[PDB]
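**Q** Okay, here's the structure, questions in a sec.
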Amino acid sequence: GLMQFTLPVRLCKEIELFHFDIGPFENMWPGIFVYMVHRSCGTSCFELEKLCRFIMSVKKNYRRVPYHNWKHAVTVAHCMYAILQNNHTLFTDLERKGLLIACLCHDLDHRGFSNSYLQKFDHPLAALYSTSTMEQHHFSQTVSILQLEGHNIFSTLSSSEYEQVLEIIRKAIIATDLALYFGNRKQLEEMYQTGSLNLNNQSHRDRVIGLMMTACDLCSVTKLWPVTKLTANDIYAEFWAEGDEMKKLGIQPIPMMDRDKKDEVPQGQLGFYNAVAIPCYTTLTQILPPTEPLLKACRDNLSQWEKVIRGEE
Ligand SMILES: O=C(Nc1cnccc1C(=O)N1CCCC1)c1nc(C2CC2)ccc1Nc1cncnc1
Ligand SMILES: [Mg+2]
Ligand SMILES: [Zn+2]
């Protein structure tokens with residue numbers, strides 16, 4: 001109970017910053033996450049014995065894929081931890097509990113393939129879940145791990161607190177379906193400009209939390225340039241693997257996914273930062289001013305990709 005986690009000084013300090021990289025030492029990532037839960041939620045809110053067993057079962061059910069892996073889970077959790085700490089009073093004790101857990105579990109058992117690829121392959125998961133295929137599977141896996149003996153970190157919540165937090169986690173994980181992001185941000189944009197945004201409206205919170213999940217999920221675009229550049233390699237390793245599999249099914253893949261069209265990556269990133277990342281963090285900064293560092297960082301990286309095209313690296 002009096003068992004704080006501490007981090008080495010540089011981590012202790014840098015972990016509060018949005019642009020923090022969790023490092024190449026796998027074995028520290030659980031302590032990092034526990035540290036985040038304790039400082040964000042309390043040393044009280046989860047029985048340590050149970051959290052650790054949950055964290056290690058979640059690690060076990062991420063696969064050894066280049067991008068959608070255990071490292072991504074904790075990177076995404078970290079970003080949500082930074083947002084919650086810089087917007088202390090805007091969130092309930094329960095939202096803080098469920099959101100860090102939602103981020104850790106949001107890509108559980110990802111196989112390194114898009115919802116589209118499942119649909120054209122005709123994967124059983126596409127039979128069982130027609131939209132947000134991987135995302136409904138990710139939530140399904142979360143509930144599975146929560147139902148293993150000695151794994152229910154939510155044991156101490158009232159029945160109604162319990163349905164609230166599992167409903168936050170479910171909406172949170174579904175929101176990470178980037179197909180849903182576009183409309184969800186358009187509505188938040190419209191609601192913020194016309195000033196009808198109201199954080200006591202539950203349907204309004206849901207949208208705001210959805211955008212936070214999109215923000216946290218893309219936070220590799222908000223790191224120092226060298227982290228962003230090297231993460232971009234990982235994401236393209238999966239994209240091209242998927243393109244190979246599309247060709248294997250007799251389907252010309254979109255260029256993003258074609259390893260022959262590697263030349264066109266820097267323009268691809270421009271499109272992405274402009275169509276997705278920049279608008280995402282803009283609307284998020286508008287709703288939550290303290291998140292501006294994510295927007296500043298995203299812009300630097302957009303500018304870094306512009307330098308790539310102009311042959312300046
Ligand atoms: O780069 C990404 N996507 C694209 C690249 N090239 C072309 C088109 C796209 C694209 O998805 N769209 C949709 C509509 C706009 C174009 C990208 N995608 C995603 C998910 C959407 C899967 C996550 C991160 C990403 N980048 C990235 C991540 N971490 C470090 N550095 C860079
Ligand atoms: Mg995902
Ligand atoms: Zn993700």
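Residue names in the structure tokens use chain letters A, B, ... in the order shown, residue numbers from 1 in each chain, and ligand numbers from 1 in the order shown.
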Please tabulate, as JSON lines, the residues of chain A that come within 9 Å of ligand 1, each with its closest pair of atoms and the distance in Å to one decimal, counting only C-alpha atoms and all ligand atoms and ordering rows by chain, then residue number upward.
**A**
{"residue": "A:67", "atom": "CA", "partner": "ligand 1", "partner_atom_place_in_ligand_line": "29 (N)", "distance": 8.4}
{"residue": "A:114", "atom": "CA", "partner": "ligand 1", "partner_atom_place_in_ligand_line": "22 (C)", "distance": 7.6}
{"residue": "A:177", "atom": "CA", "partner": "ligand 1", "partner_atom_place_in_ligand_line": "21 (C)", "distance": 8.4}
{"residue": "A:178", "atom": "CA", "partner": "ligand 1", "partner_atom_place_in_ligand_line": "21 (C)", "distance": 6.0}
{"residue": "A:179", "atom": "CA", "partner": "ligand 1", "partner_atom_place_in_ligand_line": "13 (C)", "distance": 8.5}
{"residue": "A:217", "atom": "CA", "partner": "ligand 1", "partner_atom_place_in_ligand_line": "23 (C)", "distance": 7.3}
{"residue": "A:218", "atom": "CA", "partner": "ligand 1", "partner_atom_place_in_ligand_line": "24 (C)", "distance": 5.3}
{"residue": "A:219", "atom": "CA", "partner": "ligand 1", "partner_atom_place_in_ligand_line": "29 (N)", "distance": 7.0}
{"residue": "A:220", "atom": "CA", "partner": "ligand 1", "partner_atom_place_in_ligand_line": "29 (N)", "distance": 4.2}
{"residue": "A:221", "atom": "CA", "partner": "ligand 1", "partner_atom_place_in_ligand_line": "30 (C)", "distance": 4.7}
{"residue": "A:222", "atom": "CA", "partner": "ligand 1", "partner_atom_place_in_ligand_line": "30 (C)", "distance": 8.1}
{"residue": "A:223", "atom": "CA", "partner": "ligand 1", "partner_atom_place_in_ligand_line": "30 (C)", "distance": 8.4}
{"residue": "A:227", "atom": "CA", "partner": "ligand 1", "partner_atom_place_in_ligand_line": "30 (C)", "distance": 7.8}
{"residue": "A:228", "atom": "CA", "partner": "ligand 1", "partner_atom_place_in_ligand_line": "30 (C)", "distance": 4.7}
{"residue": "A:229", "atom": "CA", "partner": "ligand 1", "partner_atom_place_in_ligand_line": "31 (N)", "distance": 6.1}
{"residue": "A:230", "atom": "CA", "partner": "ligand 1", "partner_atom_place_in_ligand_line": "30 (C)", "distance": 7.5}
{"residue": "A:231", "atom": "CA", "partner": "ligand 1", "partner_atom_place_in_ligand_line": "30 (C)", "distance": 4.7}
{"residue": "A:232", "atom": "CA", "partner": "ligand 1", "partner_atom_place_in_ligand_line": "31 (N)", "distance": 3.9}
{"residue": "A:233", "atom": "CA", "partner": "ligand 1", "partner_atom_place_in_ligand_line": "31 (N)", "distance": 7.7}
{"residue": "A:234", "atom": "CA", "partner": "ligand 1", "partner_atom_place_in_ligand_line": "29 (N)", "distance": 8.0}
{"residue": "A:235", "atom": "CA", "partner": "ligand 1", "partner_atom_place_in_ligand_line": "28 (C)", "distance": 6.1}
{"residue": "A:236", "atom": "CA", "partner": "ligand 1", "partner_atom_place_in_ligand_line": "1 (O)", "distance": 7.6}
{"residue": "A:239", "atom": "CA", "partner": "ligand 1", "partner_atom_place_in_ligand_line": "22 (C)", "distance": 8.6}
{"residue": "A:254", "atom": "CA", "partner": "ligand 1", "partner_atom_place_in_ligand_line": "7 (C)", "distance": 8.8}
{"residue": "A:255", "atom": "CA", "partner": "ligand 1", "partner_atom_place_in_ligand_line": "7 (C)", "distance": 7.8}
{"residue": "A:256", "atom": "CA", "partner": "ligand 1", "partner_atom_place_in_ligand_line": "7 (C)", "distance": 4.8}
{"residue": "A:257", "atom": "CA", "partner": "ligand 1", "partner_atom_place_in_ligand_line": "6 (N)", "distance": 8.1}
{"residue": "A:264", "atom": "CA", "partner": "ligand 1", "partner_atom_place_in_ligand_line": "6 (N)", "distance": 8.5}
{"residue": "A:265", "atom": "CA", "partner": "ligand 1", "partner_atom_place_in_ligand_line": "6 (N)", "distance": 6.3}
{"residue": "A:266", "atom": "CA", "partner": "ligand 1", "partner_atom_place_in_ligand_line": "6 (N)", "distance": 8.1}
{"residue": "A:267", "atom": "CA", "partner": "ligand 1", "partner_atom_place_in_ligand_line": "6 (N)", "distance": 7.7}
{"residue": "A:268", "atom": "CA", "partner": "ligand 1", "partner_atom_place_in_ligand_line": "6 (N)", "distance": 3.8}
{"residue": "A:269", "atom": "CA", "partner": "ligand 1", "partner_atom_place_in_ligand_line": "6 (N)", "distance": 5.1}
{"residue": "A:270", "atom": "CA", "partner": "ligand 1", "partner_atom_place_in_ligand_line": "6 (N)", "distance": 8.0}
{"residue": "A:271", "atom": "CA", "partner": "ligand 1", "partner_atom_place_in_ligand_line": "16 (C)", "distance": 5.7}
{"residue": "A:272", "atom": "CA", "partner": "ligand 1", "partner_atom_place_in_ligand_line": "15 (C)", "distance": 4.4}
{"residue": "A:273", "atom": "CA", "partner": "ligand 1", "partner_atom_place_in_ligand_line": "15 (C)", "distance": 7.9}
{"residue": "A:274", "atom": "CA", "partner": "ligand 1", "partner_atom_place_in_ligand_line": "15 (C)", "distance": 7.9}
{"residue": "A:275", "atom": "CA", "partner": "ligand 1", "partner_atom_place_in_ligand_line": "15 (C)", "distance": 5.2}
{"residue": "A:276", "atom": "CA", "partner": "ligand 1", "partner_atom_place_in_ligand_line": "15 (C)", "distance": 6.0}
{"residue": "A:277", "atom": "CA", "partner": "ligand 1", "partner_atom_place_in_ligand_line": "26 (N)", "distance": 8.6}
{"residue": "A:301", "atom": "CA", "partner": "ligand 1", "partner_atom_place_in_ligand_line": "31 (N)", "distance": 8.9}
**Q** Please tabulate, as JSON lines, the residues of chain A that come within 7 Å of ligand 3, each with its closest pair of atoms and the distance in Å to one decimal, counting only C-alpha atoms and all ligand atoms and ordering rows by chain, then residue number upward.
**A**
{"residue": "A:68", "atom": "CA", "partner": "ligand 3", "partner_atom_place_in_ligand_line": "1 (Zn)", "distance": 6.2}
{"residue": "A:72", "atom": "CA", "partner": "ligand 3", "partner_atom_place_in_ligand_line": "1 (Zn)", "distance": 6.5}
{"residue": "A:73", "atom": "CA", "partner": "ligand 3", "partner_atom_place_in_ligand_line": "1 (Zn)", "distance": 6.8}
{"residue": "A:106", "atom": "CA", "partner": "ligand 3", "partner_atom_place_in_ligand_line": "1 (Zn)", "distance": 6.2}
{"residue": "A:107", "atom": "CA", "partner": "ligand 3", "partner_atom_place_in_ligand_line": "1 (Zn)", "distance": 5.4}
{"residue": "A:176", "atom": "CA", "partner": "ligand 3", "partner_atom_place_in_ligand_line": "1 (Zn)", "distance": 6.7}
{"residue": "A:217", "atom": "CA", "partner": "ligand 3", "partner_atom_place_in_ligand_line": "1 (Zn)", "distance": 4.8}
**Q** Considering only C-alpha atoms, return as a ChimeraX atom specification whatever protein or nucleic-acid residues lie within 12 Å of residue A:247, sequence-local ones (same chain, fewer than 4 positions apart) excluded.
**A** /A:117,120-121,240-243,251-255,257-260
**Q** Select, from A:75, A:119, A:285, A:132, the residue with the minimum atom-to-atom distance to ligand 2, counting only C-alpha atoms and all ligand atoms.
**A**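 Using only C-alpha atoms and all ligand atoms, the shortest distance to ligand 2 belongs to A:132.
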**Q** Quick one: of A:78, A:261, A:138, A:64, who's nearest to residue A:14, counting only C-alpha atoms?
**A**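 Ranked by minimum distance to residue A:14, first place goes to A:78.
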**Q** Report as a PyMOL selection string all protein, DNA and RNA residues lying within 10 Å of residue A:130, evaluated on only C-alpha atoms, omitting residues in the same chain fewer than 4 positions from it.
**A** chain A and resi 115+119+125-126+134+136
